[PDB]
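What follows is the residue order along each chain.
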Amino acid sequence: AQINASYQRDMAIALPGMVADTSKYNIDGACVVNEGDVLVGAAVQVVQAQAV
Amino acid sequence: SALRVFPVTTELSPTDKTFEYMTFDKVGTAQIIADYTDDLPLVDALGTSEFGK
């Protein structure tokens, strides 16, 4: 008759801006985007830190 | 007129020689945070006291 077939596909490894491992890590979540837009997988700069 | 125009209490026992009362306080703050945040401020407290005879 016919011969059946079976395939295989592997998923990707990562996506931009994704935490890789579960090692010691620290996110600062008290920051505001002062001007413009920020991409997910890119570095940032600190314009000014408020005093009070 | 001294007991008439000022309150009278009964806290102290006959044998006591002194007494003491205390006050308290606090400090703290808060901020606007995001989803994955490990940065959160803290609070504390203080206190004093005085005496009599």
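Along every chain, residues receive numbers from 1 upward following the written sequence, which is not necessarily the numbering found in the entry; those without coordinates are excluded from display. Chain A is the first chain written and ligand 1 is the first ligand written, with later ones labelled in order. This view holds some of the chains of a larger assembly, and the values cover only those chains. The side-chain numbers reported here are obtained from all heavy atoms of the structure, hydrogens and water having been left aside.

The deposited coordinates, according to the entry record, derive from cryo-EM at 3.50 Å resolution.

Chemist: Just to check I follow, could you spell out the overall build of chain A for this structure?
Modeler: Helix and strand content of chain A: 0 helices and 0 strands. For chain A, buried positions account for 2% of its 52 residues. For chain A, the accessible area works out to roughly 6000 Å², and carbon and sulfur atoms hold 53% of it. Labels follow the DSSP assignment, with helices taken as runs of H or I lasting at least four residues and strands as runs of E lasting at least two, numbered in each case from the N terminus. Only protein chains enter the calculation, and the probe is 1.4 Å; a residue is then buried if its accessible area is under 20% of its type maximum, exposed if over 50%, and partly exposed in between. Shrake-Rupley sampling with a 1.4 Å probe provides the accessible areas, and residues are treated as covered by the protein chains on show and by no other component.

Chemist: When you look at the overall build of chain B in this model, what are you seeing that I'm missing?
Modeler: Regarding its fold elements, chain B presents 0 helices and 2 strands. The reference for a compact globule is 2.2 Å times residues^0.38; the radius of gyration itself is calculated from the C-alpha atoms. The C-alpha radius of gyration of chain B comes to 22 Å, more than 25% above the 10 Å expected for a compact globule of 53 residues. Residues are treated as being in contact if the distance between any of their heavy atoms lies within 4.5 Å. Sequence separation of 24 or more characterises 46% of the internal contacts of chain B that already satisfy a separation of 6 or more. About 5500 Å² of surface is accessible on chain B, with carbon and sulfur atoms providing 59% of the total. Distance from the positive charge centre (4 side chains) to the negative charge centre (9 side chains) of chain B: 24 Å. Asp and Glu are treated as the negative residues and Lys and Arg as the positive ones, with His and the ends of the chain left uncounted. In plain terms, the charge of a residue is placed at NZ if it is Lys, CZ if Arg, CG if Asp and CD if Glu.

Chemist: Sorry, what's going on with the interface of chain B and chain A here?
Modeler: How big an interface is tends to be stated in terms of accessible area lost as the parts join. At the interface, 8 residues of chain B touch 6 residues of chain A. A per-residue breakdown of the area chain B buries against chain A is headed by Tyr36, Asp38 and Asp39 of chain B, which together make up 66% of the total. A pairing counts as a salt bridge when a side-chain nitrogen of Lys or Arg comes within 4 Å of a carboxyl oxygen of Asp or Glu. Taken together, chain B and chain A are joined by 0 salt bridges. In the analysis that follows, any N or O atom pair within 3.5 Å is treated as a polar contact, provided that within protein one partner can donate a hydrogen and the other can accept it, and provided that, for residues neighboring in sequence, both atoms belong to side chains. For the pair chain B and chain A, the interface holds 2 residue pairs in polar contact. Considering only residue class, the side of chain B that touches chain A consists of 4 nonpolar, 2 polar and 2 charged. Accessible-area loss on putting two parts together, using a 1.4 Å probe and summing over both, is the definition of buried area adopted here. The nonpolar class holds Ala, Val, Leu, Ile, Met, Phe, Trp, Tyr, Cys and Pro. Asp, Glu, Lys and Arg form the charged class, and all remaining residues, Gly among them, are polar.

Chemist: How do you make sense of the pairing of strand β1 (residues 19-27) of chain B when you look at a structure like this?
Modeler: Consecutive side chains of a regular strand alternate in pointing toward one face of the sheet and then the other. Residues and elements named next belong to chain B. Burial runs low along β1: only 0 of the 9 residues are buried. A pair of strands is treated as paired once DSSP finds two or more bridges between them. Pairing of β1 with strand β2 (residues 44-52) involves 9 bridges; the strand directions are antiparallel. Each residue of the ladder has a partner; that of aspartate 25, found in β2, is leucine 46.

Chemist: Would you take a moment to explain the environment of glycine 17 of chain A for this structure?
Modeler: Residues and elements named next belong to chain A. Residue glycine 17 is classed as exposed on the basis of its relative accessible area of 54%. In this structure, the C-alpha to C-alpha distance between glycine 17 and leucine 39, residues 22 residues apart in sequence, is 8.8 Å. Non-local contacts of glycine 17, meaning those with residues more than four positions away in its chain, are made with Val40 and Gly41.

Chemist: Sorry if this is basic, but what is going on with the side chain of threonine 37 of chain B here?
Modeler: Checked against the element boundaries, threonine 37 of chain B lands in the loop between β1 and β2. Classification of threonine 37 of chain B by relative accessible area gives buried; the value is 17%.

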